[PDB]
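Novice: Have a look at this one.
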Amino acid sequence: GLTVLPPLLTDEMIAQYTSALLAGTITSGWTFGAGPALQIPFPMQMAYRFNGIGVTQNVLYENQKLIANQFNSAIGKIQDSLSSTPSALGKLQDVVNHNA
Amino acid sequence: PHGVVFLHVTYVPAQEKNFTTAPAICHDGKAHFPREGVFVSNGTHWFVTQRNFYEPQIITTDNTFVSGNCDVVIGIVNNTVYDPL
Ligand SMILES: *[C@@H]1O[C@H](CO[C@@H]2O[C@@H](C)[C@@H](O)[C@@H](O)[C@@H]2O)[C@@H](O[C@@H]2O[C@H](CO)[C@@H](O)[C@H](O)[C@H]2NC(C)=O)[C@H](O)[C@H]1NC(C)=O
Ligand SMILES: *[C@@H]1O[C@H](CO)[C@@H](O[C@@H]2O[C@H](CO)[C@@H](O)[C@H](O)[C@H]2NC(C)=O)[C@H](O)[C@H]1NC(C)=O
Ligand SMILES: *[C@@H]1O[C@H](CO)[C@@H](O)[C@H](O)[C@H]1NC(C)=O
């Protein structure tokens, strides 16, 4: 008499929502979260976020290639760490194991 | 009766418009960056405008600041920077 009900939203729909959020934050910055999505070049958006943390735009515009390279290296390192860490997704696995 | 109702008054931007933008303005071998806004262009002339509301203004030395030359900035364009002096 014990059964598991499938979630209302499939993994495909959650992935689609995540991809929509990614596209919005890449092509419009924070504008789409507060209203209509306003297109903007990505380096300009990152200069914007540099302004938000108290750094002038020129610091970014004179080091755009270095910043992009650092971001790509960090993304690659994150992928490698998630692939190689024996227990990285421990929270979700613990939830599943607790239910089981 | 058993909770609270918050009436949130917020600002929603509307009626956007296409504009051509540049990271910086090249003038006299100097790179000018906007102090508070963004460089935009309706197609022929360049202005500096504030952020969440379109208010084009003449690009001067008061609303822009200088940092380096035009060699390193990618996407820099030539335009005149007005000097009120
Ligand atoms: C933007 O301008 C640069 C620099 O040119 C200077 O500014 C101009 C407005 C004008 O006053 C020039 O005499 C100044 O030298 C341009 O770079 C020049 O490019 C041409 C060929 O395109 C080349 O022969 C020159 O040597 C370059 N100038 C220098 C100083 O190296 C640039 O092409 C302009 N950009 C656009 C899109 O027109
Ligand atoms: C971009 O905006 C500028 C605002 O300065 C326009 O240029 C002005 O146009 C008016 C309308 O005829 C003229 O009276 C002014 O003399 C113009 N100023 C200058 C400095 O030429 C410009 O026409 C606009 N461009 C587009 C494509 O809309
Ligand atoms: C802005 O530019 C895009 C480019 O295709 C266009 O589809 C859109 O309608 C433009 N927006 C306005 C408000 O003119």
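Chain B is numbered as in Swiss-Prot; the shown residues are, in order, 1057-1141.
Technique stated in the header: electron microscopy, 2.3 Å.
For all residues, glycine too, the Cβ spot is worked out from N, Cα and C.
Feature list, courtesy of Swiss-Prot:
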{"type": "DISULFID", "residues": "B:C1082-B:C1126", "note": "disulfide bond"}
{"type": "CARBOHYD", "residues": "B:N1074", "note": "N-linked glycosylation site"}
{"type": "CARBOHYD", "residues": "B:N1098", "note": "N-linked glycosylation site"}
{"type": "CARBOHYD", "residues": "B:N1134", "note": "N-linked glycosylation site"}
Novice: To see if you understand the setup: which same-chain residues, six or more apart in sequence, place their Cβ under 8 Å from that of B:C1126 (disulfide bond)?
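Specialist: Within the chain, B:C1126 (disulfide bond) has Cβ neighbours under 8 Å at B:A1080, B:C1082, B:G1085, B:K1086, B:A1087, B:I1132.
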Novice: Provide, as an integer number of angstrom, the distance between the C-alpha atoms of B:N1098 (N-linked glycosylation site) and B:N1074 (N-linked glycosylation site).
Specialist: 8
Novice: Cα-Cα separation of B:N1074 (N-linked glycosylation site) and B:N1134 (N-linked glycosylation site), in Å?
Specialist: 20
Novice: Select, from B:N1074, B:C1082, B:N1098, B:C1126, each of the recorded positions with a Cβ positioned under 6 A from at least one atom of ligand 3; if none does, say none.
Specialist: B:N1074
Novice: Ligand 1 is in the model; which of the recorded positions B:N1074, B:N1098, B:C1126, B:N1134 have a C-beta less than 6 angstroms from one of its atoms?
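Specialist: The qualifying recorded positions are B:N1134.
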Novice: Show which residues of the chain containing B:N1134 (N-linked glycosylation site), separated from it by at least 6 in sequence, have their CB under 8 Å from its CB.
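Specialist: Result: B:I1081, B:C1082, B:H1083.
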Novice: Under 6 Å from ligand 2 by C-beta, which of these recorded positions make it: B:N1074, B:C1082, B:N1098, B:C1126, B:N1134? Sequence order, please.
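Specialist: Within range of ligand 2: B:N1098.
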Novice: Which three-state DSSP class does B:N1134 (N-linked glycosylation site) fall into?
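Specialist: Its secondary structure by DSSP: strand.
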